[PDB]
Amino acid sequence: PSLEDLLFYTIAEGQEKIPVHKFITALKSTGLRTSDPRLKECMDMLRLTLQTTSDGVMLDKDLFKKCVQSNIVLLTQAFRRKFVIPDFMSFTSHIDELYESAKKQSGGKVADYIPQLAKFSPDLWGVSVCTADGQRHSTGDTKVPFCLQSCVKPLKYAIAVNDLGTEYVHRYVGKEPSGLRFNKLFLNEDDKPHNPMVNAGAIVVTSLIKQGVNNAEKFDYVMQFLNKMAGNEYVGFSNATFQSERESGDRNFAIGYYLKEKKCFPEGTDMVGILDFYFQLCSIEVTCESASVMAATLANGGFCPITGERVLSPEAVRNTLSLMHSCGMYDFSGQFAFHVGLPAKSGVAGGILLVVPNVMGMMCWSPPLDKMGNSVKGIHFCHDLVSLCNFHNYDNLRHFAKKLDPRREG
């Protein structure tokens, strides 16, 4: 027998030759994009075959063989419905409906304490999905770049835990939500920031990464790390946002001096320099599409789903997901954990980085924020998604009443 051949007969349909466009259409309907880095050899060989034989363009078993050989495992799982969401076309139809429903939620106020966000139209709204198998779907404004802002907090904590371990990192930062009106306290009773998802905690975490090297190399080190998490999709930087943030960051400077006085930083920390680095990390730019791949890396236990590359330790990812679950949505964190039950992180630019463990990552972006600082449409979408699908952390995978389970078929 042969894997290329019985996959050939799978698409062949009794016919002798597969039209090339018919193979591409079947591939796309699994959810994989033709640009997937794991399919490069196959797509290069297909394009090359369309050049060397315009006497075509139809693939016989042996020419189909030589195109798919290099990527045959991934291609087989895709075509034998082995991906985490088998009927991806049906699922994206649901995502689109959820998207259109949240589109009609027009309230909230765009953040405006800096010029680079008041800039953003209230009506931008994008949602991108990347499953742990690399299946992609986007709807709305998913290639508009925006700053991560606090969405970067779980990512830089994960880097810190990856490089230094749980025990070291959490000598400096706690692991719990603060409680609905210890919002305002910079430190818990052990003189540590409450958790990595608040500014004081994120500032301390920022000071743990790549200690001893200067800010230029620290930033490059973090960027290279975000590139891998995003499978090398768009990660950028907004210098306009950085300059405005550092120029308007009086409270973060208040936090910085308070943490210095309380000796919250590692020995030899230049606190003002860490604040600069912090403002830079908040100014890193993504799109919905690229950020959804970062989320999918966290959903996939530290492996980037569109490259296969191990990016973060399971410990770093587990810790990060734990704290996103309980600390990720500002004062809405307890409500979100109860009703949505998914690890998520929101930012002032309107992003919500969302993780369904073992299923998928998402980025929802809509600049208008509610009074707790969370994107109105993102919050609405997240509630709807879990109303529809049994993705709540404490939904049961066997007894889920009327919810839909996109992991199953019939």
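Note that residue numbering follows the sequence shown and begins at 1.
* Asked: Between 68-76 and 91-99, which has the larger average Cα B-factor in the PDB entry?
  -> Of 91-99 and 68-76, the stretch with the higher C-alpha B-factor average is 68-76.
* To do: Using the B-factors recorded in the PDB entry, average over the C-alpha atoms of 130-138 and of 207-215, then report which stretch comes out higher.
  => It is 207-215.
* Asked: Taking the values straight from the PDB record, which of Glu285, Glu233, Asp112, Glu315 has the highest C-alpha temperature factor?
  -> Result of the comparison over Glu285, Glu233, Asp112, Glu315: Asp112.
* In the PDB entry, which of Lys28, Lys61, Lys377, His383 has its C-alpha at the highest B-factor? -> The C-alpha B-factor peaks, among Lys28, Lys61, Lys377, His383, at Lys61.
* To do: Just say lowest, middle or highest third for the CA B-factor of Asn358 relative to the other modelled residues in its chain.
  => Bottom third by C-alpha B-factor.
* For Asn396, return the chain-relative third of its C-alpha B-factor as stated in the PDB record: lowest, middle or highest. => CA B-factor rank for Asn396: lowest third.
* Within this chain's modelled residues, let me know which third the CA B factor of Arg33 belongs to: lowest, middle or highest. => Ranked within chain, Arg33 CA B lands in the highest tercile.
* Asked: Split the chain's modelled residues into thirds by Cα B-factor; is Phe277 in the lowest, middle or highest one?
  -> It falls in the bottom third of the chain.
* Asked: Within this chain, which third does the Cα B-factor at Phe146 fall in: lowest, middle or highest?
  -> For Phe146, whose C-alpha B-factor we compare with every modelled residue in the chain, the answer is the lowest third.
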